[PDB]
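Here is the structure we will look at.
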Amino acid sequence: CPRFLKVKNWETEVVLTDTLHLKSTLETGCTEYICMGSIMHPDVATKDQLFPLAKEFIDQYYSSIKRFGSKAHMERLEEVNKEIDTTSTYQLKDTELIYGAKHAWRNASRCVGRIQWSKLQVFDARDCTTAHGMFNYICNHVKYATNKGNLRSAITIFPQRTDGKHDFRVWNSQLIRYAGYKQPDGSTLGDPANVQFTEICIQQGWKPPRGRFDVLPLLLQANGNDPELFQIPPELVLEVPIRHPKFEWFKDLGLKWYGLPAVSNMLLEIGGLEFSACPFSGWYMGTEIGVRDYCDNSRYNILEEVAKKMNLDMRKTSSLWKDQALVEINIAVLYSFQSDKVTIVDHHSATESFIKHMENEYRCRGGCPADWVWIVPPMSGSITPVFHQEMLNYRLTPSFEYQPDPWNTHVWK
Amino acid sequence: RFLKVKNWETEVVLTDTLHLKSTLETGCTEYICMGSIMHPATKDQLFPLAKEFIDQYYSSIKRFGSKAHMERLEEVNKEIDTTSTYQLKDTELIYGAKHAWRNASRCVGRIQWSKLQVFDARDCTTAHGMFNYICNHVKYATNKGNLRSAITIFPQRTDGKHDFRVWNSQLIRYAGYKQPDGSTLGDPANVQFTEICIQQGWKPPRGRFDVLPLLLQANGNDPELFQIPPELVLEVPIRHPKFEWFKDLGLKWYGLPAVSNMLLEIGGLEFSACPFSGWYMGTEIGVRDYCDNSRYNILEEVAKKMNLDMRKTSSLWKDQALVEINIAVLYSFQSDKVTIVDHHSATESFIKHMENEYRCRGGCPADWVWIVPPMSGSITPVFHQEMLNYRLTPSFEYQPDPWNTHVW
Ligand code: HEM
Ligand code: HEM
Ligand SMILES: Cc1cc(N)nc(CCc2cc(F)cc(CCCN(C)C)c2)c1
Ligand SMILES: Cc1cc(N)nc(CCc2cc(F)cc(CCCN(C)C)c2)c1
Ligand SMILES: C[C@H](O)[C@H](O)[C@H]1CNc2nc(N)[nH]c(=O)c2N1
Ligand SMILES: C[C@H](O)[C@H](O)[C@H]1CNc2nc(N)[nH]c(=O)c2N1
Ligand SMILES: [Zn+2]
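If you read the protein sequences in the order shown, they are chains A and B. According to PDB author numbering, the stretch in the first sequence is residues 302 to 343, 352 to 722, in order. According to PDB author numbering, the stretch in the second sequence is residues 304 to 343, 354 to 721, in order.
Right, dumping it as structure tokens:
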């Protein structure tokens with residue numbers, strides 16, 4: 302592979318040079334003959358597999374703190390090595406764990422918000438043993454992160470995988486989500502995305518209110534055991550009713566959303582250790598709710614209903630009645646959130662911030678992996694600075710990975 | 304391997320077998336992906362390239378291994394042998410150009426690929442002949458508003474020394490003038506080229522929408538200026554359906570989109586001059602041309618007349634300004650019976666086209682980065698459609714700008 306690579310910005314002619322792609326660890330899916338850049342998704354580790362993985366991470370950590378080749382560095386290596394040799398695994402120091410989680414965020418190519426990567430609160434929950442213990446740690450995460458609307462990014466990290474039969478998993482894809490109920494007539498109430506999971510919850514014992522914005526319970530699995538339901542204290546779930554600064558009728562749509570974006574189905578990998586339960590949270594970009602949650606045809610799909618109340622021509626597609634209703638929904642989402650002092654970033658600010666971030670990364674780190682397909686907002690793309698930015702995408706470790714859905718793999722006791 | 308693509312909205316899955324047929328590299332490796340990078354012969358090189366092409370021609374017409382097929386291979390062989398190149402049959406020229414359109418991973422219009430009008434201009438020898446050939450393309454392809462797809466093909470490369478090149482990247486584009494005060498009149502994307510025309514003796518009207526003259530190079534010779542007759546250049550006054558103040562903005566665009574700087578490649582032959590044209594997707598003009606900061610840049614101005622709050626980015630004034638600008642663009646073309654496709658319709662057609670391609674051809678290369686409209690992305694059905702990109706041949710490829718390699 303070639304040493305230096307170039308990326309161009311076609312709006313500013315700025316040309317950056319990427320040396321970091323050389324440290325790529327795993328596969329992208331692409332080959333010389335085919336590219337999978339638009340493809341969404343392209352039993353444990355043995356000793357000899359783990360040794361080099363771990364050393365790589367350690368060396369990396371000691372090169373960050375400017376102690377590479379030091380006495381503490383070589384001594385750490387020998388300790389880690391002795392530990393894999395005898396126990397088939399090892400354990401990360403609190404320092405290593407915190408560096409590793411910040412660095413998996415920093416390396417997350419699909420994430421437009423990584424300018425904040427270094428400010429992340431890491432909650433070590435490796436001492437956990439039960440679902441109640443999990444429910445407790447998560448509740449504290451929610452309360453810390455939410456901070457009364459002044460959100461703060463945090464991760465809570467549960468015990469790492471051992472033999473595969475003793476995983477900790479959060480069964481909810483995200484900590485806070487709205488239920489979805491299939492009707493007998495085929496129509497759906499709530500968030501259609503979450504139907505399968507809502508059914509699981511109901512079978513597992515949940516009594517559903519059967520409403521449009523019913524907050525799902527946590528379903529928590531510890532040490533390989535069957536999952537258990539716990540409801541989140543509603544006082545811990547900050548929520549924003551959606552109104553519009555011009556249209557008085559917009560609140561009549563009875564729309565709200567949750568203030569905390571919190572991913573709980575991804576696997577954090579550090580030094581070859583697998584953290585199968587590692588919920589993290591930040592704050593929302595306006596478009597996530599205004600465009601995807603609200604407007605996607607298979608989600609809340611309110612475009613037609615907002616169009617009606619706007620009195621738009623809806624026969625001709627070229628009237629652009631859809632794009633007009635879309636902008637106005639996203640105007641209301643940013644308005645509601647700012648007026649309740651809940652932290653939220655518009656897609657112009659975020660993309661501008663990210664270009665800044667990327668440039669500093671190229672400067673200081675010799676590169677910054679990025680997934681243009683994910684990075685570019687799902688509305689008004691070309692009018693944001695990232696659209697015109699060339700981005701090399703590759704996978705650096707530590708990283709956040711996808712993992713199978715637990716209800717597909719779990720062995721019921 | 305077979306590969307699968309899923310649409311995440313409909314959950315439809317398609318199976319790609321076609322990708323097995325490509326050979327050209329994409330740029331990516333198993334470790335680095337360049338899906339967002341814009342720009343990632355001899356007798357012995359020439360024959361197998363020619364052979365594969367003929368093979369798939371005679372396979373597409375269901376006469377594979379025929380006597381017709383066998384002599385063609387023989388004909389082509391003896392010809393490369395004794396001439397270091399070979400000429401395409403007319404049937405093969407037409408197939409090669411339609412199929413190069415068909416393999417254009419970055420084109421959303423490809424549902425139309427087979428209704429391509431093909432203009433053979435391989436008997437051309439001067440810049441004057443080119444100009445006459447181009448005028449005819451423009452005039453046919455414009456057709457009084459009812460746009461039709463066409464391509465014109467000038468003689469193939471031979472030795473690099475005698476290349477045919479249209480120097481305009483597009484047959485019709487507005488001029489760009491640098492001002493003493495730093496700013497730019499006309500089109501800022503064209504400013505260099507405009508000054509190469511002026512340097513060649515073009516008299517610029519120094520205006521915001523001055524059609525640039527043709528700069529044609531024939532057989533490796535110096536380029537020569539030529540004005541397209543105005544009656545062949547259809548343009549549209551851009552006006553708004555509800556905003557009666559919009560016309561006062563002074564916006565017009567040309568009706569005919571026509572890329573003239575690329576390079577058609579068939580059976581290992583290089584047509585360095587092959588202007589093709591179809592019709593516009595509204596966003597091409599409404600978003601990119603008018604609203605990029607390095608283009609016409611009118612969002613500030615429009616949102617002013619629209620009287621929006623322009624103090625904070627989070628009031629999404631740009632996103633409002635943008636939608637109204639694109640409404641006008643569609644409404645102007647439609648009102649003038651000039652062909653245009655909106656991005657909702659062009660995307661639907663594409664998804665339908667993909668279905669067709671998979672169904673009968675086992676795949677359809679697509680560049681998601683380019684296929685997704687530059688506005689309202691996820692409310693079009695292609696945002697949610699997974700696409701595989703790979704380079705099938707014949708293809709349209711890029712080439713060095715002429716003024717970087719030509720000696721006078
Ligand atoms: C601090 C505020 C943050 C903002 C504004 C932000 C922004 C975003 C956005 C808009 C997306 C796309 C979401 C989607 O389309 O589903 C995303 C994805 C992602 N973000 Fe962030 N993020 C933030 C914090 C974080 C943190 C704290 C982490 C990890 C520690 C993280 C890691 C990721 C990852 C791994 C993805 C990809 C998700 C997937 O593949 O499904 N982000 N981010
Ligand atoms: C007939 C109606 C057509 C429509 C609606 C259409 C639409 C589009 C659009 C919107 C783009 C993106 C270009 C940009 O944003 O810069 C594009 C690209 C492209 N189209 Fe089409 N097109 C049409 C006809 C054609 C024809 C006749 C050809 C060739 C025979 C063609 C081949 C291509 C190629 C090669 C690109 C890639 C441009 C590049 O790489 O710079 N298209 N098309
Ligand atoms: C950490 C973080 C910050 C931020 N601003 N946004 C996120 C994503 C939040 C989220 C919240 C949510 F409810 C669903 C999703 C993804 C749904 C599945 N995808 C693959 C189609 C994501 C995460
Ligand atoms: C054949 C065709 C059909 C159609 N609807 N649109 C096109 C492109 C028209 C066009 C016309 C034009 F003047 C410039 C461009 C893009 C120039 C390069 N970009 C990346 C900075 C494109 C071509
Ligand atoms: C098929 C395609 O990859 C898929 O629809 C992607 C496109 N880009 C995206 N970008 C973001 N940020 N989030 C998404 O869910 C998607 N979806
Ligand atoms: C860097 C990136 O490749 C560049 O901004 C691309 C993105 N997608 C595009 N898509 C179209 N249709 N036209 C373009 O010029 C671009 N530009
Ligand atoms: Zn790729």
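Backbone N, C-alpha and C fix where the C-beta goes; we use that ideal spot for every residue, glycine too.
Report the residue ranges of all alpha helix (DSSP H) runs contained in full by the region 400 to 431 of chain A; include only those spanning at least 4 residues, in chain order. 403 to 415
Mind checking whether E537 (chain A) and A440 (chain A) have CB atoms under 8 Å apart? Along the first sequence, one-based indexing puts residue 537 (chain A) at 228. Along the first sequence, one-based indexing puts residue 440 (chain A) at 131. Yes, the pair counts as a contact, with Cβ atoms nearer than the cut-off.
Decide if the region 362 to 371 of chain B is in contact with the region 576 to 584 of chain B; the criterion is three or more beta carbon pairs, one per stretch, under 8 Å apart. yes
I'd like to know if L406 (chain A) contacts chain B, where contact means its C-beta is closer than 8 Å to some C-beta of that chain. Residue mapping note: residue 406 (chain A) aligns to position 97 of the first sequence, counting from 1. No, because no Cβ of chain B sits closer than 8 Å to the Cβ of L406 (chain A).
Assuming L576 (chain A) and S585 (chain A) form a contact by the criterion Cβ under 8 Å, report the distance between their Cβ atoms to the nearest whole angstrom. Sequence index remark: in the first sequence, residue 576 (chain A) carries index 267 (1-based). Sequence index remark: in the first sequence, residue 585 (chain A) carries index 276 (1-based). The Cβ separation is near 5 Å, so the contact holds.
Along the region 672 to 686 of chain A, where does the CB come closer than 7 Å to a CB of chain B? Name the residues. Flagged, chain order: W681 and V682.
Taking 7 Å as the cut-off, is the C-beta of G422 (chain B) nearer than that to any heavy atom in ligand 2? Locating residue 422 (chain B) in the second sequence gives position 109, counting from the first residue. At least one heavy atom of ligand 2 is nearer than 7 Å to the Cβ of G422 (chain B), so yes.
Can a CB atom of chain A be found closer than 8 Å to the CB of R624 (chain B)? Numbered from 1 along the second sequence, position 311 holds the residue referred to as residue 624 (chain B). It does not; no Cβ of chain A falls within 8 Å.
Counting only Cβ pairs nearer than 8 Å, list the residues of chain B close to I464 (chain A). Taking the first sequence and counting its residues from 1, the one referred to as residue 464 (chain A) is at position 155. What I464 (chain A) touches in chain B: nothing, since even the nearest Cβ is about 26 Å away.
Using a Cβ-Cβ distance under 8 Å, would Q633 (chain A) count as near chain B? Here residue 633 (chain A) is taken as the residue at index 324 of the first sequence, counted from 1. It does; some Cβ of chain B falls within 8 Å.
Unbroken alpha helix (DSSP H) run spanning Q369 (chain B), endpoints: Residue mapping note: residue 369 (chain B) aligns to position 56 of the second sequence, counting from 1. Run containing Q369 (chain B): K356 to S373, per the alpha helix (DSSP H) assignment.
Out of A:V389, A:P303 and A:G499, state which residue places its alpha-carbon closest to the alpha-carbon of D368 (chain A). As a working note, residue 368 (chain A) is residue 59 in the first sequence. Cα-wise, what sits closest to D368 (chain A) is A:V389.
For the beta strand (DSSP E) that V682 (chain A) lies in, which residues bound it at each end? Sequence index remark: in the first sequence, residue 682 (chain A) carries index 373 (1-based). No beta strand (DSSP E) contains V682 (chain A), which is instead part of the alpha helix (DSSP H) from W681 to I684.
In chain order, what residues of the same chain have a beta carbon less than 7 Å from the beta carbon of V682 (chain B), not counting five sequence neighbours either side? Numbered from its first residue, the second sequence carries residue 682 (chain B) at position 369. The residues are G338 and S339.
Hey, which residues come within less than 5 Å of ligand 7, measuring from Cβ to any heavy atom, in chain order? A:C331, A:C336, A:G338, B:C331, B:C336 and B:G338
Chain A contacts made by the region 316 to 339 of chain B, where a contact means CB separation under 7 Å: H322, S325, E328, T329, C331, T332, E333, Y334, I335, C336, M337, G338 and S339
Answer yes or no: the CB of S590 (chain B) versus the heavy atoms of ligand 2, is any distance below 7 Å? Within the second sequence, numbered from 1, the residue matching residue 590 (chain B) stands at position 277. Flag set: Cβ of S590 (chain B) near ligand 2.
Starting from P715 (chain A), trace the alpha helix (DSSP H) both ways and give me its first and last residue. Within the first sequence, numbered from 1, the residue matching residue 715 (chain A) stands at position 406. Here the alpha helix (DSSP H) through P715 (chain A) covers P715 to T718.
Tell me the start and end of each unbroken alpha helix (DSSP H) in the region 557 to 617 of chain A that is at least 4 residues and wholly inside, in chain order. none
CB-CB under 8 Å to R304 (chain A), same chain, minus the five flanking residues each way: which ones, in chain order? Counted from its first residue, the first sequence places residue 304 (chain A) at position 3. Excluding sequence neighbours, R304 (chain A) sits near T320 and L323.
Under 7 Å: does the beta carbon of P678 (chain B) sit that close to some heavy atom of ligand 5? Locating residue 678 (chain B) in the second sequence gives position 365, where the first residue counts as 1. False, no ligand heavy atom lies under 7 Å from that Cβ.
Using a Cβ cut-off of 7 Å, which residues of the region 635 to 649 of chain B contact any Cβ in chain A, in chain order? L635, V636, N639, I640, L643 and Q647
Tell me which residue opens and which closes the beta strand (DSSP E) that residue 350 (chain B) is part of. Position 343 is followed directly by 354 in chain B, which means residue 350 (chain B) is not present among the coordinates.
Three-state secondary structure (DSSP) of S645 (chain B): The sequence position of residue 645 (chain B) within the second sequence is 332, counting from 1. Looking at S645 (chain B) - three-state DSSP - the assignment turns out to be helix.
Taking 7 Å as the cut-off, does the CB of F709 (chain B) come closer than this to any heavy atom belonging to ligand 2? Position 396 of the second sequence holds residue 709 (chain B). Result yes, Cβ under 7 Å from ligand 2.
Mind checking who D472 (chain A) pairs with in its DSSP beta bridge? Within the first sequence, residue 472 (chain A) is the residue found at index 163, counting from 1. Beta-bridge pairing links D472 (chain A) to no other residue.
Based on Cα-Cα distance, which residue from B:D535, B:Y603, B:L306 and B:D632 lies nearest to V600 (chain A)? Numbered from its first residue, the first sequence carries residue 600 (chain A) at position 291. When each option's Cα is compared against that of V600 (chain A), the closest is B:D632.
C-beta neighbour in chain B for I692 (chain A), strict 8 Å: Working through the first sequence from its first residue, we reach residue 692 (chain A) at position 383. Taking Cβ atoms only, chain B reaches closer than 8 Å to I692 (chain A), which makes this a yes.
Cβ pair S373 (chain A), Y408 (chain A) closer than 8 Å: The residue given as residue 373 (chain A) occupies position 64 in the first sequence. The residue given as residue 408 (chain A) occupies position 99 in the first sequence. Taking 8 Å as the Cβ cut-off, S373 (chain A) and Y408 (chain A) qualify as a contacting pair.
Beta carbon proximity, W311 (chain B) to chain A, threshold 8 Å: Start at 1 with the first residue of the second sequence, and residue 311 (chain B) comes out as number 8. Interface residue (Cβ-Cβ distance to chain A less than 8 Å): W311 (chain B) is classified as such.
Residues that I653 (chain A) bridges to, as DSSP identifies them: Along the first sequence, one-based indexing puts residue 653 (chain A) at 344. For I653 (chain A), which the question treats as bridged, DSSP gives the partners A:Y593.
CB-CB under 7 Å to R478 (chain B), same chain, minus the five flanking residues each way: which ones, in chain order? Counting from 1 along the second sequence, the entry for residue 478 (chain B) is found at position 165. Excluding positions up to five away in sequence, the list reads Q530, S585, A586 and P715.
Tell me which residues of the region 595 to 628 of chain A have at least one Cβ-Cβ distance to chain B shorter than 8 Å, keeping chain order. Residues of the region 595 to 628 of chain A that bring their beta carbon within less than 8 Å of a beta carbon in chain B comprise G595, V600, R601, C604, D605, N606, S607, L612, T626, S627 and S628, in sequence order.
How close, in whole Å, do the beta carbons of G690 (chain B) and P687 (chain A) come, if the pair is a contact with beta carbons under 8 Å? Here residue 690 (chain B) refers to the residue found at position 377 of the second sequence. Here residue 687 (chain A) refers to the residue found at position 378 of the first sequence. Rounded, the Cβ-Cβ distance is 5 Å, consistent with contact.
Take the Cβ of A381 (chain B) as the centre, count every other Cβ of all protein chains shown within 10 Å, and call the residue buried at 16 or more, exposed below. As a working mapping, residue 381 (chain B) is identified with position 68 in the second sequence. Using a 10 angstroms sphere on the CB of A381 (chain B), the tally of other CB atoms stays under 16, which defines it as exposed.
Residues within the region 693 to 715 of chain A neighbouring chain B, beta-carbon criterion of under 7 Å: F696, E699, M700, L701, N702 and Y703
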